[PDB]
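Those sequence lines, one after another, are chains Z and F. Residue 6 in the working numbering sits at position 6 of the first sequence; the count goes up by one each step and never skips. Residue 1175 in the working numbering sits at position 175 of the second sequence; the count goes up by one each step and never skips. Quick reminder that beta carbons are idealized off the backbone N, C-alpha and C, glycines included. These notes are about the structure you will find just below.
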Amino acid sequence: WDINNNX
Amino acid sequence: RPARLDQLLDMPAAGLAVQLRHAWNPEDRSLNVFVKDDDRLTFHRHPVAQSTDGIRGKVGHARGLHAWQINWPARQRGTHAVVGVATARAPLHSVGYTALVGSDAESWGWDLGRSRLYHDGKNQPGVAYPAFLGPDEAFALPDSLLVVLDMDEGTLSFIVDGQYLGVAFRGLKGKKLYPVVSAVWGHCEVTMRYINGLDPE
Ligand SMILES: [Cl-]
């Protein structure tokens, strides 16, 4: 769930 | 708003010598940031590509209630501007552009651009803060914010626009916690002005 939808 | 927070904020703000004692630590930083000699309350980040860089305050708090102001010009934030607290073990650098503060169990941070709180962020999702925010919603925060660390209750909270935003994190009692930020913007300059501290009763 980082800024780029990566978790 | 806690009674003790009102007490701390009604006190005349601490003077320059106290602010300097609580300022950014030139000895505890990523090598990609430096503390400005002409304004020792402010650090400057070198324009290093694919790097996230932090720095801790000189004082690690283990007891009492503390508040400091962060001034971080909004156009100098980039993709990842995070404000919070860290233990002495928190890493102060990462390769790439990351929300370094709050990314593991050693720090607690508010990602200003996402309006999300992170702690052990690799394992736990971000929390919308301020509370009014929806799941895909963020708020464009002004330049200045107050960081409130209560080491006796073990909480971290923030005040923006003179509005207390409530407890952001709990579980901090028994630690030794330093002001911290992590930044990615080339040439950003972030100022930290300690306001006051208050011993437990
Ligand atoms: Cl990240």
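In this structure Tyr-1178/F is in contact with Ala-1088/F, their Cβ atoms being roughly 7 Å apart against a cut-off of 8 Å. Boundaries of the alpha helix (DSSP H) around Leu-1005/F: 1003-1010. If you compare the alpha carbons of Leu-1145/F, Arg-1004/F, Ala-1017/F, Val-1083/F with that of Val-1184/F, the shortest gap goes to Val-1083/F.
Note: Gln-1069/F is bridge-paired with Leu-1146/F, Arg-1193/F in the DSSP secondary-structure output. Of the candidates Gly-1162/F, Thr-1052/F, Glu-1027/F, the residue whose Cα lies closest to the Cα of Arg-1001/F is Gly-1162/F.
By the CB criterion at 9 Å, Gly-1054/F and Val-1181/F fall inside the cutoff. In chain order, the residues positioned with their C-beta nearer than 5 Å to some heavy atom of ligand 1 are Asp-2/Z, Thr-1098/F, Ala-1099/F.
The beta carbons of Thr-1098/F and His-1119/F sit no closer together than 9 Å. In the three-state reduction of the DSSP assignment, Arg-1029/F falls in the strand class, which pools E and B.
Distance from the CA of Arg-1063/F to the CA of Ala-1014/F, rounded to the nearest whole angstrom, comes to 18 Å. Under DSSP, the beta-bridge partners assigned to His-1044/F are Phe-1034/F, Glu-1189/F. Excluding residues up to 5 positions away in sequence, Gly-1154, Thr-1155 lie with their Cβ nearer than 7 Å to the Cβ of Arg-1170/F in the same chain. Shown in chain order are the members of the segment 1124-1155 of chain F whose Cβ falls below 8 Å from a Cβ of chain Z: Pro-1125, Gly-1126.
Taking 9 Å as the threshold, the shortest C-beta distance from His-1080/F to chain Z falls below it. Neighbours of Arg-1114/F in chain Z, taken as residues at a C-beta separation under 9 Å, are given in chain order as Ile-3. For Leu-1165/F, the enclosing beta strand (DSSP E) stretches over residues 1163-1169. Looking at the DSSP output, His-1061/F sits in a beta bridge with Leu-1177/F.
Collapsing the DSSP output to three states places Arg-1116/F in a strand.
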